[PDB]
Amino acid sequence: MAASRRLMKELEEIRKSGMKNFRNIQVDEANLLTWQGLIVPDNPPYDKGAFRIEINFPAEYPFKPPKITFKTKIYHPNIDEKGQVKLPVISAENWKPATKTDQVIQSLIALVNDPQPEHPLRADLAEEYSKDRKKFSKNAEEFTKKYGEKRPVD
Amino acid sequence: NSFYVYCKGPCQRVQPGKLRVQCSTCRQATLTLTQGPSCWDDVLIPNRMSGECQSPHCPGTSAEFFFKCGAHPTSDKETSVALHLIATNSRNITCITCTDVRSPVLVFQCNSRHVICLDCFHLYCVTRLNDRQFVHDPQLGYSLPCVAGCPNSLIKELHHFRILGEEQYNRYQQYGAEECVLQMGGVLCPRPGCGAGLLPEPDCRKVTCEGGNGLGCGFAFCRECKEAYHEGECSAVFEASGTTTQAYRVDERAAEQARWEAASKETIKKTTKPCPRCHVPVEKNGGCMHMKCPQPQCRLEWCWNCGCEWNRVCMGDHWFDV
Amino acid sequence: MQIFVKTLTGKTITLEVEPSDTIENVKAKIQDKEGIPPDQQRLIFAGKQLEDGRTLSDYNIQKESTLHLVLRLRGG
Amino acid sequence: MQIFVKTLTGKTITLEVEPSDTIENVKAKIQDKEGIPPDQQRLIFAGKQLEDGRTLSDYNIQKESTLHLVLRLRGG
Ligand SMILES: [Zn+2]
Ligand SMILES: [Zn+2]
Ligand SMILES: [Zn+2]
Ligand SMILES: [Zn+2]
Ligand SMILES: [Zn+2]
Ligand SMILES: [Zn+2]
Ligand SMILES: [Zn+2]
Ligand SMILES: [Zn+2]
């Protein structure tokens, strides 16, 4: 109801204006809260594959922020095995009411394109990305073509 | 209506508020105000607006303000809760959470001044209430600041949370009353449904919910861990991670559009109005809706929002500008 | 059934649940009274992690039982 | 008007009382409801103590206004 008032204005804006990298916006008519989208990485070595995301905006919105859940395996040390990217902007202890969702996607895709091991989750991947930049590149080449989704056509 | 009040009996919601002033000691409606005031800062503080008390065995100069419910008629022991922040949305400003124009609007006490539609304010307190994210002060209480990102900008009124309601505010009183005890220096007891604030010796680890009829009721709990009592120790504790400083992220554009005075500045013509009797431009200087129509010919008291001549309903309903 | 739950810095509580009920339900109940996100709740029992989908009957917990709630203080 | 005499430990009493009725009347009535005398019962309202001669008028209390009840303890 309240989030539906919130998000239909935003969904018309973001589809019309277009985020370019963020593509294939699968949003439901009745179910406004779930948004799925296919992010297109441009920096190496994530632009070899493509990653889908499903942002689940909760009942209380926009007071509590949603959880950007990936439905994709990505070789990247912020994001974990299951599907939980670590994002500074989506926080409970620090949050603003007036947050644009594309602003969070600007937070997310810059986070995906430029890997942060300063504030990561996974230990060995953050260890590997800090230590061995080539090997994290080489595994990400092998991983993302195997696991991640295809590159689009446009 | 400029004055809104909360009415217990039988309104249970934000009504219009009929502002009246009385004498301090005798407490009648026989007062001579020197000035008839500018804002809620006059009316909220005891002993600010002062004048001359009429009915003649009474030399108390200072007066007392009280708000009544402006819908159905009342008697003298009715005193409704004055909502000093929340006015009508006359300038037509949006909500900072939600791009929606609704009436009336809350105004937080913050520097740039941030305002809000009503239904969000139920959501903002309860999501903070469920999570526990209020700001507790020693003097004022357990309140919320401005929502956008404004330091030192708490609401100075516990009774405004009565808009949340008898369910939520009572729960707010329990969580608030708990919130004082950690800042004072205590812990809540871990027996199910007891909550005994007890003070044993420093040396004695084993403290017990002891009292008799009330309070104490069968629970010897360890001081450090709060388990059933034992001699040795419990397992180790988790690592802590300090936040310490937190730059609160504010939206630039929405904070412009959520301003009470401007946002986009709709009310422009609110400076000089043609008076009816005279037919002259007169300027509105400051807070007072009550304006004297300042002519040698005329001499007439008329209200700014109404226009018609200054009476006690125009005094009571909307005395000053909001 | 009555169970005690423990925190990092002292404060032990109780909460009214059943064998059948869910940990995501119980974290919602502790979020009701205590004031913590389900995101930042780490329930442990008998050297084992309590899952949101998984339940008290699977982990096998009776009344008069303690839940070790570790806290997330960097939620990010 | 209904008042919630919310004690320190958990349970709270609902009482039908006026502004006109005093604390000595309510100490009679709470003695009627629960069963505790005037001398044991101590009423407090947000810090300031409630006394026998003073009333809900002087302390200034409304319907749905939370008082606290502290108990005196006899014989150690
Ligand atoms: Zn009323
Ligand atoms: Zn007088
Ligand atoms: Zn709003
Ligand atoms: Zn502000
Ligand atoms: Zn007890
Ligand atoms: Zn122990
Ligand atoms: Zn005139
Ligand atoms: Zn009028």
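Sequential numbering from 1, following the chain as shown.
Per deposition record, solution NMR.
Using the three backbone atoms N, Cα and C, a Cβ is placed for every residue, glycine included.
Among the features that Swiss-Prot reports, region 'SYT11 binding 1' is placed at B:61-95, with the record citing experimental evidence. Counting residues per DSSP class in helix, strand and coil order gives 0 helix, 12 strand, 23 coil for the region 'SYT11 binding 1' (B:61-95).
Reduced to three states, the DSSP call for B:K206 (ISG15 cross-link) is coil. For B:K206 (ISG15 cross-link), the Cβ neighbour count at a 10 Å cut-off comes to 12, with all displayed protein chains included. Positions annotated as ISG15 cross-link by Swiss-Prot: B:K206 (among others).
Around the Cβ of B:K226 (ISG15 cross-link), the number of neighbouring Cβ atoms within 10 Å comes to 22. In the three-state DSSP scheme, B:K226 (ISG15 cross-link) falls into the coil class. According to Swiss-Prot, the ISG15 cross-link annotation covers B:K226 (among others).
Following the DSSP three-state reduction, the secondary structure of B:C278 (Zn(2+) 5 binding site) is coil. Just so you know, the Cβ of B:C278 (Zn(2+) 5 binding site) picks up 16 other Cβ atoms within 10 Å once every protein chain is counted. According to Swiss-Prot, the Zn(2+) 5 binding site annotation covers B:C275, B:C278, B:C293, B:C298.
According to Swiss-Prot, the feature Zn(2+) 6 binding site maps to B:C303, B:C306, B:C314, B:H318. On its own chain, B:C306 (Zn(2+) 6 binding site) has B:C314 as residues at least 6 apart in sequence with a Cβ closer than 8 Å to its own Cβ.
Look at the Cβ of each of the binding-site residues B:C298, B:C314 and count the other Cβ atoms within 10 Å; the largest number goes with B:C314. For B:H318 (Zn(2+) 6 binding site), the same-chain residues 6+ apart in sequence whose C-beta sits under 8 angstroms from its C-beta are B:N1, B:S2, B:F3, B:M289, B:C303, B:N305. With B:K206 (ISG15 cross-link) as the anchor, the candidate recorded positions are B:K226, B:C275, B:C278, B:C293, B:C298, and the one with the nearest CA is B:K226. Shown in sequence order, B:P276, B:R277, B:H279, B:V280, B:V282, B:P294, B:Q295, B:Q297, B:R299, B:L300, B:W302 are the same-chain residues outside B:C275, B:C278, B:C293, B:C298 whose Cβ sits within 8 Å of the Cβ centre of the Zn(2+) 5 site. Across the structure, B:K226 (ISG15 cross-link) and B:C278 (Zn(2+) 5 binding site) are spaced 79 Å apart at their Cα atoms.
Using a CB-CB cutoff of under 8 Å against chain C, none of the recorded positions from B:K206, B:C275, B:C278, B:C298, B:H318 qualifies.
Look at B:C314 (Zn(2+) 6 binding site): DSSP puts it in a helix. Other Cβ atoms within 10 Å of the Cβ of B:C275 (Zn(2+) 5 binding site), summed over all protein chains shown, number 18.
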